[PDB]
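The structure appears right after this line, and notes come after that.
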Amino acid sequence: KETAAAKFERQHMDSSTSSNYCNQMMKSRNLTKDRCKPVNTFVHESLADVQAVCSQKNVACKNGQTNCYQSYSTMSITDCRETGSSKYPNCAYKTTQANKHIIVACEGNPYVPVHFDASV
Amino acid sequence: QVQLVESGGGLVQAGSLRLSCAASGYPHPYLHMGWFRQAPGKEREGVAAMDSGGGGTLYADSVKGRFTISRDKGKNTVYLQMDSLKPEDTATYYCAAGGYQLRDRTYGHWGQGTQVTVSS
């Protein structure tokens with residue numbers, strides 16, 4: 001049974017330095033199995049630097065939960081958004097490379113990211 | 001410094017104690033801070049938590065009317081005033097910060113634990 005922390009790595013982590021990326025990664029990381037996710041962000045940093053965010057700036061998630069954290073620094077990311085004619089099971093993404101703060105919700109001890117909220 | 005440090009606690013009778021906890025070196029507000037306990041024989045449970053900006057205060061049903069939580073304004077310090085104490089309040093108490101409401105798994109930043117043993 002995949003843990004939430006491991007799913008976060010599968011959905012959100014690609015430490016390698018980076019217009020088709022999103023289309024290719026959403027398919028290949030097996031993220032479009034059940035429905036098209038409307039947005040999904042990949043983070044191009046070490047896993048450690050991402051897990052570190054859980055001890056950086058405590059913020060509210062968009063939904064109002066308060067166990068979210070914003071990276072003190074911006075991070076290299078790819079933002080993937082549904083575009084054009086995307087329709088399950090044929091999902092379609094627009095790719096945008098950026099440098100933005102990430103906001104994650106953290107759970108557990110060890111306290112690690114379990115949900116990617118937004119990039120700002 | 002950055003880590004939470006608890007004080008107070010120990011032996012008490014059916015009766016009063018005041019626990020305190022500070023993370024003075026964490027240099028932003030922790031949105032939620034609160035207290036959890038693990039009573040002998042029982043899963044850890046949240047006892048009280050309070051938001052930094054008016055977003056809410058919460059008590060476990062079993063302590064309503066007996067315990068009162070408070071926080072310093074804009075310093076990461078949280079207090080638990082414990083009155084009307086019962087033997088079943090015996091427990092290791094823990095300060096927590098940076099999580100949401102009374103959800104143990106959402107808190108990853110903890111004090112060191114404080115034993116409270118309530119006698120007849």
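Labels for the structure tokens follow display order: chains A, B, ..., residues from 1 in each chain, ligands from 1.
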Show which residues sit within 6 Å of range 39-47 of chain B, as a compact mmCIF listing (two decimals) with N, CA, C and O atoms, in the first residue's frame. Count only C-alpha atoms, and ignore same-chain residues fewer than 2 positions away.
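Below you can see result-v4.txt, which holds the result:
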```txt
# COMPACT_ATOMS: atom_id res chain seq x y z
N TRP B 35 -2.05 21.54 22.96
CA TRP B 35 -1.62 20.53 23.90
C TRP B 35 -2.28 19.22 23.56
O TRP B 35 -3.45 19.18 23.20
N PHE B 36 -1.51 18.14 23.63
CA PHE B 36 -2.01 16.75 23.44
C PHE B 36 -1.65 16.01 24.71
O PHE B 36 -0.84 16.50 25.51
N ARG B 37 -2.24 14.84 24.93
CA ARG B 37 -1.78 14.02 26.04
C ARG B 37 -1.86 12.54 25.69
O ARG B 37 -2.63 12.14 24.82
N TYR B 59 -11.46 22.57 22.19
CA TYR B 59 -11.16 21.72 23.37
C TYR B 59 -11.71 20.34 23.12
O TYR B 59 -12.79 20.18 22.55
N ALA B 60 -11.00 19.32 23.61
CA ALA B 60 -11.56 18.01 23.65
C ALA B 60 -12.79 18.05 24.55
O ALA B 60 -12.75 18.61 25.64
N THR B 90 -4.38 12.07 34.56
CA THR B 90 -3.00 11.57 34.60
C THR B 90 -2.56 11.20 33.20
O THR B 90 -3.26 10.46 32.53
N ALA B 91 -1.35 11.61 32.80
CA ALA B 91 -0.98 11.49 31.39
C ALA B 91 0.36 12.14 31.17
O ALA B 91 0.77 13.00 31.97
N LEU B 102 -7.10 19.50 16.52
CA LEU B 102 -6.65 18.50 17.49
C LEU B 102 -6.09 17.25 16.81
O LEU B 102 -6.12 16.17 17.42
```
Can you build me a table of chain A residues sitting at most 10 Å from chain B, with the closest atom pair per residue and its distance in Å to one decimal, using only C-alpha atoms, sorted by chain and residue number, as CSV?
```
residue,atom,partner,partner_atom,distance
A:54,CA,B:108,CA,8.2
A:55,CA,B:109,CA,8.2
A:56,CA,B:28,CA,8.9
A:57,CA,B:28,CA,6.7
A:58,CA,B:30,CA,6.0
A:59,CA,B:31,CA,7.1
A:60,CA,B:31,CA,7.8
A:64,CA,B:55,CA,9.3
A:65,CA,B:100,CA,6.1
A:66,CA,B:100,CA,5.1
A:67,CA,B:99,CA,4.2
A:68,CA,B:99,CA,7.8
A:69,CA,B:98,CA,8.8
A:105,CA,B:106,CA,8.3
A:106,CA,B:106,CA,6.5
A:107,CA,B:106,CA,4.6
A:108,CA,B:105,CA,5.0
A:109,CA,B:108,CA,5.8
A:110,CA,B:108,CA,7.2
A:111,CA,B:108,CA,5.1
A:112,CA,B:108,CA,8.5
```
Can I get the selected residues back with C-alpha atoms, as a compact mmCIF listing (two decimals), in the first residue's frame?
```
# COMPACT_ATOMS: atom_id res chain seq x y z
CA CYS A 54 7.85 21.25 6.67
CA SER A 55 10.11 23.23 9.07
CA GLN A 56 9.98 26.54 7.20
CA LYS A 57 7.14 29.10 7.11
CA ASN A 58 3.84 27.90 8.61
CA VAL A 59 0.91 29.08 6.43
CA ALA A 60 -2.73 28.32 5.79
CA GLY A 64 -8.06 26.85 5.63
CA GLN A 65 -6.09 23.93 7.16
CA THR A 66 -3.08 25.27 9.08
CA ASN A 67 -0.57 22.43 8.74
CA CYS A 68 0.80 23.90 5.49
CA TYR A 69 4.26 25.29 4.95
CA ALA A 105 0.77 20.21 3.85
CA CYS A 106 2.83 18.05 6.18
CA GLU A 107 1.91 15.10 8.37
CA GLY A 108 3.61 12.45 10.52
CA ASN A 109 6.83 12.14 12.45
CA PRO A 110 9.01 12.22 10.58
CA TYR A 111 7.01 15.17 9.40
CA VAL A 112 7.01 15.11 5.57
```
Nearby residues (only C-alpha atoms) at most 10 Å from range 67-76 of chain B, same-chain spacing under 3 positions excluded, as a PyMOL selection string = chain B and resi 2+4+16-35+47-53+57-60+62-64+79-85+97
Measure the distance from CA of residue 117 in chain A to CA of residue 101 in chain A in Å and round it to one decimal.
->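 These two atoms are separated by 10.9 Å.
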List the neighbours of residue 91 in chain A out to 9 Å using only C-alpha atoms; skip same-chain residues closer than 4 positions along the sequence, and give me the result as an MDAnalysis selection string.
-> chainID A and resid 23 26:27 32 35:37 82:83 85:87
